[PDB]
Each structure stands twice: as C-alpha cells, then as structure tokens.
Amino acid sequence: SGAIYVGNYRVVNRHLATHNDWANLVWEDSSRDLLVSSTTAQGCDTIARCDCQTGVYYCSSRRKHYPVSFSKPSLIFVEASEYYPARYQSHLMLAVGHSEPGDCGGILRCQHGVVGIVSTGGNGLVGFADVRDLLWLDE
Ligand SMILES: COc1cccc(Cl)c1CC(=O)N1CCC[C@H](C(N)=O)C1
Ligand SMILES: [Zn+2]
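Its first residue numbered 7, the sequence shown is counted upward by one per residue in the entry's author numbering.
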C-alpha cells in the first residue's frame, strides 16, 4: 500500500485503487499501473522534475528505507497476475533491491522529491512506476 498526495490529487497503483478513487477519477493508465483521483484537502508532496538515477525507496516488508540505483523509465515485460494479463508496462524503472507484492505503493525519492512508487518486483529486483513526466500534478 501507499500513495502520493500532491495538491488536489492522490496518485496510487491502479491495481490497488479503491471505490473512492474510481468515483473521483482524474486519469488512469493500465499500461503504467497508475491511477490519479481527486482529494478534498491539500497535499504537500513535491514531485521531482529530473533525470536522476539514484534515490531512496520505502520497503514495507522490511520496515526500512533502501538507497538504490535505477534505470531510465522504459517498456519492461511484466508477468501475468490476478490484476493484469502478461504485458509490457511502460514508464517503469528497475533497481536491484528487495520487494514483495505488498510493497507496491512505497515511495521512491531523490534530492529533488518524489520520483515514483513501487509497482513491480521479483528475483532481487524492484520496479518503480515513474511520475516525473506528469507535469499537470503541480498545475
Ligand atoms: C508477485 O510478484 C512480485 C514479486 C516481488 C515484488 C512484487 Cl511487487 C511482486 C508483485 C508484482 O510484480 N506484481 C503484482 C501486482 C501488479 C504488478 C504490476 N505492476 O503489474 C505486478
Ligand atoms: Zn531525481
């Protein structure tokens, strides 16, 4: 579990979105595992606007923050699941690190702010859904 609260928006993994999230829908992309819904209160999360490849993410399964090196956002193959058929997920960044299914939602940050959220993992790797290109989150 986990969300990014920036201004009047809540950004969550599309596979984990609630009824409230779909009833207050702004944007959703199944191929990115992202869903953005509207909130009635203000959010103070800063979104990073950068090309950073290092940062720190929260791993709920270890109750710990881990520093990571990660790749550029890209189309990576993701295996089938109860949420999606086997497909290419776009805007995905991979890093070597620990993750478990309940780890989706954990925030990845750099010196400039929120980079993205945990969306995939397995085999000693963690995948992050990038949010740095969604410029409308701050406007
Ligand atoms: C079950 O595989 C692992 C293993 C380690 C870590 C993790 Cl987060 C998972 C879960 C995983 O990657 N999923 C399940 C939920 C939807 C994700 C997606 N974005 O398509 C794909
Ligand atoms: Zn950065």
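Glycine residues also receive a C-beta, built at the ideal position from the N, C-alpha and C atoms.
To the nearest angstrom, how far is the alpha carbon of residue i from that of residue j?
| i | j | result |
| --- | --- | --- |
| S43 | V124 | 18 Å |
| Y15 | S105 | 26 Å |
| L140 | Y90 | 23 Å |
| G13 | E145 | 9 Å |
| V102 | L131 | 4 Å |
| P79 | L31 | 24 Å |
| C50 | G8 | 15 Å |
| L22 | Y94 | 19 Å |
| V74 | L143 | 25 Å |
| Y63 | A54 | 14 Å |
| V120 | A135 | 11 Å |
| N129 | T24 | 29 Å |
Pull the bridge partners of residue i from the DSSP assignment, please.
| i | result |
| --- | --- |
| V120 | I53 and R115 |
| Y89 | DSSP, once it has assigned bridges, lists no residue as partnering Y89. |
| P73 | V62 |
| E34 | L41 |
| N19 | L40 |
| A47 | For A47, which the question treats as bridged, DSSP gives no partner whatsoever. |
| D136 | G122 |
Smallest Cα separation from residue i: which of the options?
| i | options | result |
| --- | --- | --- |
| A92 | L98, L100, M99 and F83 | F83 |
| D109 | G122, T126, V121 and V120 | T126 |
| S96 | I53, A23, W28 and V137 | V137 |
| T52 | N26, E85 and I10 | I10 |
| residue 1 | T46, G133, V120 and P73 | The requested residue 1 is not part of the displayed model; the chain covers only 7 to 145. |
| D35 | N19, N26 and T45 | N19 |
> Is the segment 109-122 touching the segment 38-58, taking contact as three or more C-beta pairs under 8 Å?
Replying inline: The segment 109-122 is in contact with the segment 38-58.
> Three or more C-beta pairs closer than 8 Å, one from the segment 26-46 and one from the segment 61-68: is that the case here?
Replying inline: Segment contact: the segment 26-46 against the segment 61-68, fewer than three CB-CB distances shorter than 8 Å; contact not assigned.
>> Give me the pocket residues for ligand 2, defined as CB within less than 5 Å of any heavy atom, sorted by chain position.
In response: Around ligand 2, the residues whose beta-carbon falls short of 5 Å from at least one of its heavy atoms are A54, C56, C58, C116 and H118, given in chain order.
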